[PDB]
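Values below: all heavy atoms of this structure, side chains included; hydrogens, waters and symmetry mates excluded. In the text below, chain A, chain B and the rest are named by the order of the sequence lines, each starting its count at 1.
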Amino acid sequence: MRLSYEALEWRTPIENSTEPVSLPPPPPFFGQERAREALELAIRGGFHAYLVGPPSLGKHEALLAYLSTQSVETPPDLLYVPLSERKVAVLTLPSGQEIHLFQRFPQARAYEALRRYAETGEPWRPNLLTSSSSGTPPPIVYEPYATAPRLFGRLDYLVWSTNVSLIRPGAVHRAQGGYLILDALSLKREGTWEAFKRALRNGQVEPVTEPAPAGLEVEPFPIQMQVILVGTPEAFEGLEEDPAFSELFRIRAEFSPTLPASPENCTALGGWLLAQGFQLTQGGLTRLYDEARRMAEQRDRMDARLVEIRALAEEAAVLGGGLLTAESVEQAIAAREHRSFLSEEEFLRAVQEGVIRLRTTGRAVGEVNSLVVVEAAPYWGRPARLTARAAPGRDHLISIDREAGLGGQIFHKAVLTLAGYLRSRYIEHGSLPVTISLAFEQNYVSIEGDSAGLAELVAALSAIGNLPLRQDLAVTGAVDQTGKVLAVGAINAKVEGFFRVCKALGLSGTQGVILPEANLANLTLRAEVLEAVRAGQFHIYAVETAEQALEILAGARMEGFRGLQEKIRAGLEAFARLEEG
Amino acid sequence: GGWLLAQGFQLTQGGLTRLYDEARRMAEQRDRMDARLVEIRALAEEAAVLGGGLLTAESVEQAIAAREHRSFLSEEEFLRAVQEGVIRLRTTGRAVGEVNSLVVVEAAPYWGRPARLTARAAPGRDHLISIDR
Amino acid sequence: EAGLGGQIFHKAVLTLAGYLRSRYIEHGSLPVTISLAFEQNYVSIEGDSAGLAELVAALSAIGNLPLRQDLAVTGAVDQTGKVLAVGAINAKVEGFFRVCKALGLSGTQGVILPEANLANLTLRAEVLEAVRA
Amino acid sequence: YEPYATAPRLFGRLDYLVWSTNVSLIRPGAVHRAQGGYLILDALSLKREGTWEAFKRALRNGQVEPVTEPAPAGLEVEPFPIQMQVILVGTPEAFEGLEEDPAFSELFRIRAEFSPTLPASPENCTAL
Ligand SMILES: *[B]([O])([O])[C]([C][C]([C])[C])[N]C(=O)[C]([C][C]([C])[C])[N]C(=O)[C]([C][C]([C])[C])[N]C(=O)O[C]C1=[C][C]=[C][C]=[C]1
Ligand SMILES: *[B]([O])([O])[C]([C][C]([C])[C])[N]C(=O)[C]([C][C]([C])[C])[N]C(=O)[C]([C][C]([C])[C])[N]C(=O)O[C]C1=[C][C]=[C][C]=[C]1
């Protein structure tokens, strides 16, 4: 099918573009149902939990604002008192009562043991770590740098003695009765994971010393706190492998990477941006909300990384003189593309130069513009010339790039899948009477993935049938063994990448891309491409099957003979007779 | 039951039975029951919260479904993709040389999924090709 | 085969075989084994810029066709036998010119190269003069 | 412009006057010298000197800690809000080590890339 400009347009209509936006701030966790509820369970329950999600989602700021709304019992007076002249204990009192100093501190049993100094002339002070007014909002402590001294506190040395009073508190102490938030990465990096389990599992909390001369034994004590860990899916694996982890950290609070694209979340993003201090106009909200849809390559979802959105917004603001407008956002996007365009501008020059040989008009046998992406941020796409050559052979399909060690495993798997199709689909001669060689003509680099399977197979079929294919249409799609075409990824980059090549060489009017029907909802194409489609200057075909892609390329149908199919048969028969006479 | 009570739980007969059955379930054994007292306790502490301090059949069934919810993101993404046609699967009809096999994905908690499997045959010299291998 | 060629070198060799096999089909499969060597090389060689020299050499061995040894060759080839741009062109050309000048110029010496690399020719004066002469 | 990115050179240092210390024994670091203005560093150097994480903590969290020796009593010194624009300089390759760190792109949003070559024009001959 042909996809009309109307089918392609996915942007949000804008009305009153300059109007200021006025909106109240969404609560912490909007569009994050699962993570909110996990976190709620963990709070009502006293459980430790972990916050997991990809980078730049704003997991931290949401957690902190969410904890600021919590309320609980004002935190006890918290302290170290001596038991010996070499020993110290952690104690809790009911609050504020330690401005004091039987006696009326009966909770402090042992400190006996300040008991008989002048039965000798045998010639100290109880220390406070924390105290406080209210359990609203609770202690929330966020130590992003998880070193031992920062977690467990420290012992300093006053010349060379020490006593309770020289003991400095650590995050763990500051968080008693409340929250300690840590980064998964940091505990890993700082090799503090085991020592921190011992603090949770066994009450073990040891202030750091220097490599002498006399230390202080300090007893375990019961730990009062809820700890939340934050990091990525990947940040966690190192941890999970430790059966202790799941035991200690029962509640997973997972963020989704994407949100439904709904009015409520557009509206929510609007208030969220306003609370952040932006001066936002309706046009500036719509473009940003659409870029979020675009960032997720999902017409119906919107990318959930609030921090990425904010960062782009801060760029648009500068370009709009402090005002966040539809134009300033469209310009801050185009400037980011400009800032990273050097490699592409070199490619286009080379192509224009004939240094990279590409065709974008005309026809040729056994050649096709496939589409690749180059694997560094921001993942530009480009056409890559693909050739297929056929000769009398013993059912051999040669992937040249694989054989030379450039193809990856998935690339290899696609090549095998297509050979499964060819061998099985054409059987009159018994085994296939041809050797077919496939190359990505100017490639010097590893290529990996299955998204060139459709280009490979039409190229094969063209070489077998001697069938000239349109070079003004590029191809992307995976295939299965039955020759159905399967969805692939990075589609916007692929299409926009052939459009740049065509525009650099000068548009014919007939250029386009063929792609899987399966990827219709991923098309969130940039304006210039959409306009060109609206103008009849560029075209998008979507298919379900390899043979559909072939009929568009060879400008003919598989049957209604004079079809393509009888010519493919006639090619195979000829290759069969050459293989035995 | 007595072990849970000594631990301080307020346990009802329905809350014992569901937990004892989850233990059977955890061991994938109708006739055996998983012996990890600590796992059982940890689940029970979740059910208790959901039952307001009381450990009931419902609170256990709900504390189980919530654990599945807390780890369902990857599955909810898979189902969306399948519904979308992004993963091509068939669940009605017939076809030659195709079958829904079943796999599990190897991270806790080990969700299972169907995975489309195709077999193609041609005139050949006794060759069976495992493409994934 | 002896482990001196790199991956891109190998890829060029395969590309040219793709061309040969496909371009000459009367006999079915190609009725020849063709061996190619870089006669005094002891070291890794890598890149596709010898594909054009390799293929004319193949064609000469097949046809028994004597080739001019006063012209050197550089260029890559694709499967259709088109010649493709390569790199370090000034060094290549000026390098055959030194060899020829050291052995004493015939008057007829030169280099064949891809048309695609015309804009890369920024040849040193002595080479330009010799062309002028 | 601190081309040698060691901790003491970035964050400054604490010296010890016999064995005590106090505010007045605290020496400034590049980061302090650059407040309100520009700090230029080499990508390679932060890599080489293993100072990348400590420098993120200075930007991300205000964390700026003057170096001590392996005792006996230190000084706690609070974070403070950082006033500066930092520019990093290096090669395409010098950056990859860094980019792999999702923190990098977050902290260092604006890529300023030089082209390797210029058009050959009269204006650039004249400019040269
Ligand atoms: B498809 O699955 O999307 C597709 C199939 C290919 C075209 C046969 N694969 C890709 O586009 C992959 C993308 C993925 C690995 C990020 N691209 C590559 O493997 C590319 C291919 C070349 C032709 C650009 N290889 C690559 O990125 O690796 C080497 C390299 C990376 C960055 C810069 C320079 C070289
Ligand atoms: B059967 O023996 O149970 C079965 C046979 C398979 C389907 C042919 N094997 C599995 O289900 C194994 C389970 C075991 C290794 C834990 N699963 C896998 O090997 C899976 C298979 C895919 C299709 C899900 N591979 C896998 O888990 O590895 C990669 C990976 C793991 C986790 C997340 C993402 C990728």
Does the side chain of [X] pick up a donor-acceptor pair with the side chain of [Y] at under 3.5 Å?
{"X": "A/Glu441", "Y": "A/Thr387", "result": "yes"}
{"X": "D/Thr117", "Y": "D/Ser115", "result": "no"}
{"X": "A/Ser424", "Y": "A/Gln481", "result": "no"}
{"X": "A/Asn443", "Y": "A/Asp401", "result": "yes"}

So do [Y] and [X] actually touch side chain to side chain, heavy atoms under 4.5 Å?
{"X": "A/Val445", "Y": "A/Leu406", "value": "no"}
{"X": "A/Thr435", "Y": "A/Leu397", "value": "no"}
{"X": "C/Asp48", "Y": "C/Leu84", "value": "no"}
{"X": "C/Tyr24", "Y": "C/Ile62", "value": "no"}
{"X": "A/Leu422", "Y": "A/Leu461", "value": "yes"}

Are the side chain of [X] and the backbone N or O of [Y] linked by a donor-acceptor pair below 3.5 Å?
{"X": "C/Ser60", "Y": "C/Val56", "answer": "no"}
{"X": "A/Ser370", "Y": "A/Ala384", "answer": "yes"}
{"X": "A/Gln548", "Y": "A/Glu544", "answer": "yes"}
{"X": "A/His338", "Y": "A/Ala334", "answer": "yes"}
{"X": "C/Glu46", "Y": "C/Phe9", "answer": "yes"}
{"X": "A/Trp10", "Y": "A/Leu525", "answer": "yes"}
{"X": "A/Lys494", "Y": "A/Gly489", "answer": "yes"}
{"X": "C/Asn117", "Y": "C/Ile89", "answer": "no"}

Determine, for A/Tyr541 and A/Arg2, whether the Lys NZ or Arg CZ falls below 6.0 Å from the six-membered ring centre while staying within 45 degrees of the axis.
->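 Judged by the rule, A/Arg2 and A/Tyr541 form no cation-pi pair.
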A/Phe498 ring centre to A/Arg382 NZ or CZ under 6.0 Å, with the angle to the axis within 45°?
-> no
**OP:** Check A/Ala388 against A/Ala463 and note the closest heavy-atom contact, atom names and distance.
**Re:**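 Answer, listing the atom of A/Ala388 first, then A/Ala463: O-CB, 3.7 Å.
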With rounding to the nearest 0.5 Å, note down the distance linking [atom1] in [X] to [atom2] in [Y].
{"X": "A/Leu438", "Y": "C/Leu14", "atom1": "CG", "atom2": "CG", "value": "12.0 Å"}
{"X": "D/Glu113", "Y": "A/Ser343", "atom1": "CD", "atom2": "OG", "value": "7.0 Å"}
{"X": "C/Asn120", "Y": "A/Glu353", "atom1": "CG", "atom2": "CD", "value": "7.5 Å"}
{"X": "A/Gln471", "Y": "A/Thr361", "atom1": "CD", "atom2": "OG1", "value": "8.5 Å"}
{"X": "A/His539", "Y": "A/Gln511", "atom1": "NE2", "atom2": "CD", "value": "8.5 Å"}
{"X": "A/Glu528", "Y": "A/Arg500", "atom1": "CD", "atom2": "CZ", "value": "8.5 Å"}

Can we say [X] and [Y] salt-bridge, meaning some charged N sits less than 4.0 Å from an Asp/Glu carboxylate O?
{"X": "B/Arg116", "Y": "A/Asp480", "answer": "yes"}
{"X": "A/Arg294", "Y": "A/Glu496", "answer": "yes"}
{"X": "A/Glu547", "Y": "A/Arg425", "answer": "yes"}
{"X": "A/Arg423", "Y": "A/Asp395", "answer": "yes"}
{"X": "A/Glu337", "Y": "A/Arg526", "answer": "yes"}

Per side-chain contact (heavy atoms from CB on, under 4.5 Å), A/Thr524 is matched among A/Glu9, A/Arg299, A/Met295, A/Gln298 by A/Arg299
Ring centroid separation for A/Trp380 and A/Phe341, is it under 6.0 angstrom?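 Aromatic pair counts; centres sit under 6.0 Å.
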**Item:** CA sep, side-chain torsions, deciding dist, call: A/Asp472, A/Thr360, side chain to side chain donor-acceptor pair (under 3.5 Å)
**Value:** CA-CA 4 Å; A/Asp472 44 356; A/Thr360 71; over 6 Å; no
query = Hey, mind stepping through A/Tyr421 and A/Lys484 against side-chain contact (heavy atoms from CB on, under 4.5 Å) and telling me if it holds?
reply = CA-CA 10 Å; A/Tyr421 173 82; A/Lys484 287 330 179 221; over 6 Å; no
Should C/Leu118 and C/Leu121 be marked as a side-chain contact (heavy atoms from CB on, under 4.5 Å) after you check the CA-CA gap, both sets of side-chain angles, and the distance that decides it? CA-CA 6 Å; C/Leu118 301 189; C/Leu121 290 150; 4.2 Å; yes
